[PDB]
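Enquirer: Sharing a structure with you now.
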Amino acid sequence: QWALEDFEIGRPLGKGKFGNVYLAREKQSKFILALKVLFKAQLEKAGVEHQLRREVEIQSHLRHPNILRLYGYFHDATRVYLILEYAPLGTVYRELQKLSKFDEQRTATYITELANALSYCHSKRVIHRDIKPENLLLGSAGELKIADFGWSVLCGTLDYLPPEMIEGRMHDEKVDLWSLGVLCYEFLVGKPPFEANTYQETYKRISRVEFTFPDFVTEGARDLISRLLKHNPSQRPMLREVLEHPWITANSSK
Ligand SMILES: CS(=O)(=O)N(CCN)c1ccc(Nc2ncc3cnn(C4CCCCCC4)c3n2)cn1
Ligand SMILES: [Mg+2]
């Protein structure tokens, strides 16, 4: 349906390797979109096409206001182009750099928006597996929007992954609930509960669930995080249960 000459490319958004992402406009509708440009070249040379057609399968047929939209696509046999919803306030990664920490209010608010979106995801049997600030985007009203269902169902940051996954074991939708715990912490503290300087050391830190709270960490948070980051998936809060945590209802600007 679409082709390249359909768009005026604009400002580079991000890099990353996959390829690049550009802001751009549909010539004839004047619509504003994010265009991710992925090279077929390095696509096979690193064998991932199966996860791509599948990111699309999910992200095209999915619909929450807290999930980014794919509109579709096309190719030229050098690259594939994804036609993406554009999130004008950028990454939650960059807000985090910009303010180093977040406050309890913003945080819960993001934890909420993320639980609904995950909740809608898990209703439909889907596990994102890769929610991390760099994949968390922001709408004009400043709402959270999850992107990037690439690794959806050695090598790449361990920080957000739960024991069972990192050890290669049998997992469920409960994994995203560990991520959300790590997320929760990461917002309040400046950096992931399990950070490290190496991947083998982060392997350890995660396997043994070794995290601690800076003094300014309220007990409301200490509780949501302690409960979300239990090694055993059985005893991980349900998504509904999360929305309903005393600390969440008190702080979310829902
Ligand atoms: C300040 S910023 O980092 O947040 N930023 C400017 C970049 N130098 C920025 C980044 C992203 C956006 N919007 C936007 N809209 C839609 C999408 C869809 N995929 N992506 C990826 C996700 C972020 C990682 C970089 C690659 C781009 C999108 N990004 C705006 N401003
Ligand atoms: Mg992908």
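Labels used: A, B, ... for chains in the order of the structure tokens, numbers from 1 for residues in each chain, and numbers from 1 for ligands as shown.
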If we count only C-alpha atoms, what is near residue 175 in chain A at a cut-off of 9 Å, once residues fewer than 6 positions away on the same chain are taken out, given as a PyMOL selection string?

Expert: chain A and resi 127-129+161-162+164-165+233

Enquirer: Go ahead and dump the residues you just picked, N, CA, C and O atoms, as a compact mmCIF listing (two decimals), in the first residue's frame.

Expert:
# COMPACT_ATOMS: atom_id res chain seq x y z
N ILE A 127 2.92 -11.15 26.32
CA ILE A 127 3.95 -10.69 27.26
C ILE A 127 4.96 -9.81 26.52
O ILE A 127 5.56 -10.25 25.52
N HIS A 128 5.15 -8.58 27.01
CA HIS A 128 6.06 -7.68 26.32
C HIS A 128 7.50 -8.15 26.50
O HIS A 128 8.29 -8.22 25.52
N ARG A 129 7.81 -8.46 27.76
CA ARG A 129 9.15 -8.95 28.18
C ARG A 129 10.30 -7.90 28.16
O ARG A 129 11.33 -8.10 28.82
N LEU A 161 15.07 -8.02 33.53
CA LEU A 161 14.63 -9.41 33.37
C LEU A 161 14.58 -10.10 34.71
O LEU A 161 15.42 -9.83 35.56
N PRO A 162 13.58 -10.97 34.92
CA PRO A 162 13.44 -11.71 36.18
C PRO A 162 14.21 -13.01 36.20
O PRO A 162 14.45 -13.59 35.13
N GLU A 164 13.79 -16.33 36.55
CA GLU A 164 13.36 -17.40 35.65
C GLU A 164 13.79 -17.16 34.19
O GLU A 164 14.25 -18.09 33.52
N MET A 165 13.68 -15.92 33.71
CA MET A 165 14.11 -15.60 32.35
C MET A 165 15.61 -15.63 32.16
O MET A 165 16.10 -16.15 31.17
N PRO A 233 7.42 -16.42 40.97
CA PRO A 233 6.28 -15.82 40.25
C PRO A 233 4.87 -15.99 40.91
O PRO A 233 4.05 -15.08 40.81

Enquirer: Counting only C-alpha atoms and all ligand atoms, name the residues that have an atom within 9 Å of an atom of ligand 1; the answer should be given as a PyMOL selection string.

Expert: chain A and resi 11-16+20-23+33-36+68-70+83-95+98+133-139+147-148

Enquirer: Given only C-alpha atoms as the basis, pick out the residue of A:64, A:254, A:231, A:240 nearest to residue 208 in chain A.

Expert: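 Smallest separation from residue 208 in chain A among the options: A:231.
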
Enquirer: Neighbouring residues of ligand 2 are defined here as those with any atom at most 8 Å from a ligand atom, counting only C-alpha atoms and all ligand atoms; list them as a ChimeraX atom specification.

Expert: /A:48-49,51-55,148-151

Enquirer: Would you write out those residues with N, CA and C atoms, as a tab-separated table (two decimals), in the first residue's frame?

Expert:
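File selection05.tsv, as written:
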chain	number	residue	atom	x	y	z
A	48	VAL	N	16.66	-11.85	12.56
A	48	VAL	CA	15.60	-11.48	13.50
A	48	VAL	C	14.22	-11.27	12.87
A	49	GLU	N	14.13	-11.35	11.54
A	49	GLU	CA	12.89	-11.09	10.77
A	49	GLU	C	11.61	-11.70	11.35
A	51	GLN	N	10.88	-12.03	14.57
A	51	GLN	CA	10.47	-11.13	15.65
A	51	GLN	C	9.91	-9.79	15.16
A	52	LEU	N	10.17	-9.51	13.88
A	52	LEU	CA	9.78	-8.25	13.29
A	52	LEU	C	8.36	-8.35	12.79
A	53	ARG	N	8.13	-9.32	11.90
A	53	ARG	CA	6.81	-9.58	11.34
A	53	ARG	C	5.84	-9.83	12.47
A	54	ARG	N	6.41	-10.21	13.61
A	54	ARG	CA	5.61	-10.50	14.77
A	54	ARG	C	5.41	-9.26	15.65
A	55	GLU	N	6.40	-8.39	15.73
A	55	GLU	CA	6.17	-7.11	16.38
A	55	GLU	C	4.97	-6.52	15.66
A	148	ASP	N	7.52	-1.13	21.10
A	148	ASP	CA	8.59	-2.08	20.84
A	148	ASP	C	8.33	-3.50	21.36
A	149	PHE	N	7.41	-4.19	20.70
A	149	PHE	CA	7.09	-5.56	21.04
A	149	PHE	C	7.98	-6.57	20.32
A	150	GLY	N	9.19	-6.11	19.97
A	150	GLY	CA	10.25	-6.93	19.39
A	150	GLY	C	10.45	-8.25	20.11
A	151	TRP	N	11.05	-8.21	21.31
A	151	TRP	CA	11.22	-9.42	22.15
A	151	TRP	C	9.91	-9.77	22.90

Enquirer: Would you list, as JSON, numbers by chain, the residues of range 9-128 of chain A that end up in strand (DSSP E or B) under DSSP run on this structure's backbone?

Expert: {"A": [9, 10, 11, 12, 13, 14, 19, 20, 21, 22, 23, 24, 25, 26, 31, 32, 33, 34, 35, 36, 37, 38, 39, 67, 70, 71, 72, 73, 74, 75, 79, 80, 81, 82, 83, 84, 85, 91]}
